[PDB]
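1. here is my input; please provide its structure:
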Amino acid sequence: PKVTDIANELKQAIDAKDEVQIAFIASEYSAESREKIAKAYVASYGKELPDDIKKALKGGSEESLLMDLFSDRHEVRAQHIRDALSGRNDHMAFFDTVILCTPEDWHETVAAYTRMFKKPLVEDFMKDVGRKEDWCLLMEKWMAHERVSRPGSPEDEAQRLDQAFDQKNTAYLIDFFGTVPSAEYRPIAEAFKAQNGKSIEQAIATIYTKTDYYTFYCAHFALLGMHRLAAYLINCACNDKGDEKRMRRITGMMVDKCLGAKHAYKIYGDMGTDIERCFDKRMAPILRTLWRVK
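-> Numbers count the residues shown, from 1 in each chain. Structure as follows:
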């Protein structure tokens, strides 16, 4: 279908105030494609698509999410990061915005942040986070998105990694998780598991607790695959009594890139069923539509 025709579908769904229908249309198209659609929409009707959505819907995280899907995902992410820093540091939001992110999207987000707030994002972040804990240090290095191929084979690398865990050489840990390329991480994690008593995940649990723990744990999933981190962060939202704010962050920014989440979710259960239980009558059908698990 032509973008003008999709824009018309959206017009009528908005007029109908049909939330699931807006979610369904959004779910059909990637972030880039939804940008094209939003362009056709404003040309056709002379109003911005997120502005029309906001005016048509009641509100709550449902409307915000739907708006986000037809907004600039880098401005969206940048504002989430601002929000996470505006009060007490929002560590959950940190995971959603900093760790569940491709380097490309991060780069554009940093540019959006300068445009929106006339401040350097990373500087603002480290200002409020500090460097007194290992999670802070990993996040700083993560944001650099400077991945560096590792010297040895997967088995040699897993052994050095294991030795680092066993000796609590946290400096090696921060540098490893902060700079290892994802493509290399997967074979390393497999070799680790195969040769050592613990898997990498169990090793993390042995040395870290609280925010350190969750930061390295998210990093682990991220390196395995963004859809696998997505699966985990959706399960967390379900378990945290239907965390609407997290679901809005990760769905609004990342749903198109993480649609494999439903398959990776099988280790926790049935994603569709879990969303059904944990989220209310309005939000749940929206999420299940977007994540393609009706």
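
2. could you find the closest non-adjacent residue to residue 63?
-> Spatial nearest neighbour of residue 63, chain neighbours left out: residue 57 (4.0 Å); criterion: Cβ to Cβ, 6 or more residues apart in numbering. Any C-beta I mention is one placed from the backbone N, CA and C, and that applies to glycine too.

3. which residues touch that neighbour?
-> If you count contacts by Cβ atoms under 8 Å, 6 or more residues apart in numbering, residue 57 has them with 17, 19, 63, 66.

4. show me what contacts the first one?
-> The contact partners of residue 17, by Cβ under 8 Å, 6+ apart, come to 56-57.

5. rewinding a little: ok, so of the contacts of residue 57, who is nearest residue 277?
-> Each of the contacts of residue 57 was checked against residue 277 using Cβ to Cβ; the closest is residue 19, at 19.7 Å.

6. and that closest one, how far is that from residue 2?
-> Distance, residue 19 to residue 2, using Cβ to Cβ, to the nearest Å: 24 Å.

7. the more surrounded of the two?
-> Higher neighbour count among residue 19 and residue 2: residue 19, with 23 against 8, using other Cβ atoms under 10 Å.

8. for the stretch 151-294 of the chain, just list every one of the helices.
-> Residue ranges of the helices in the stretch 151-294 of the chain, as given by DSSP state H, counting those that start in this stretch, are 154-166, 170-179, 182-195, 200-207, 210-224, 226-239, 244-254, 261-264, 271-278, 283-290.

9. cool, the stretch 1-150 of the chain as well?
-> All helices of the stretch 1-150 of the chain, identified by DSSP H, counting those that start in this stretch, fall at 3-15, 19-27, 31-45, 49-56, 61-69, 73-86, 91-94, 103-117, 121-129, 134-144.

10. what distance do you get for the residue nearest the centre of the chain to residue 151?
-> Among the residues of the chain, residue 100 comes closest to the average C-alpha position under Cα atoms, centre = their mean, at 3.4 Å. Distance check for residue 100 against residue 151: by Cβ to Cβ, it reads 28 Å.

11. can you check residue 240 too?
-> In this structure, residue 240 and residue 151 are separated by 40 Å, where distance is defined by Cβ to Cβ.

12. could you do residue 29 as well?
-> Noted for residue 29: a distance of 42 Å to residue 151, by Cβ to Cβ.

13. those two: which has the busier surroundings?
-> residue 29 (17 against 8).

14. which residue, neighbours along the chain excluded, lies closest to the more buried one?
-> residue 37 (6.6 Å).

15. thought that neighbour was touching residue 10?
-> Yes: with contacts defined as Cβ atoms under 8 Å, residue 37 counts as touching residue 10 at a distance of 7.0 Å.

16. any shared contact partners between those two?
-> residue 49.

17. got the contact list for the nearest residue to residue 246 once chain neighbours are set aside?
-> Across the structure, with Cβ to Cβ, 6+ apart as the measure, the residue nearest residue 246 apart from its sequence neighbours is residue 237 (4.4 Å). Taking Cβ under 8 Å, 6+ apart as the contact definition, residue 237 lies against 243, 246-247, 278.

18. pull the number of nearby residues for residue 120.
-> Residues near residue 120, counting by other Cβ under 10 Å, number 13.

19. and residue 70, how many residues sit next to it?
-> The criterion is other Cβ under 10 Å. On that basis, residue 70 has 23 neighbouring residues.

20. give me the domain ranges for the protein.
-> Domains of the chain are assigned by curated CATH domains as 1-71, 72-145, 146-225, 226-294.

21. the second one: how far from the chain's middle?
-> Averaged C-alpha coordinates place domain 72-145 at 12 Å from its chain's average position (Cα atoms, centre = their mean, to the nearest Å).

22. can you give me the end-to-end distance of it?
-> 21 Å (Cα to Cα, to the nearest Å).

23. over to the shortest one?
-> The first residue of domain 226-294 is 22 Å away from its last residue (Cα to Cα).

24. just list the residues touching residue 211, thanks.
-> With contacts taken as Cβ under 8 Å, 6+ apart, residue 211 has the following neighbours: 91, 133, 135.
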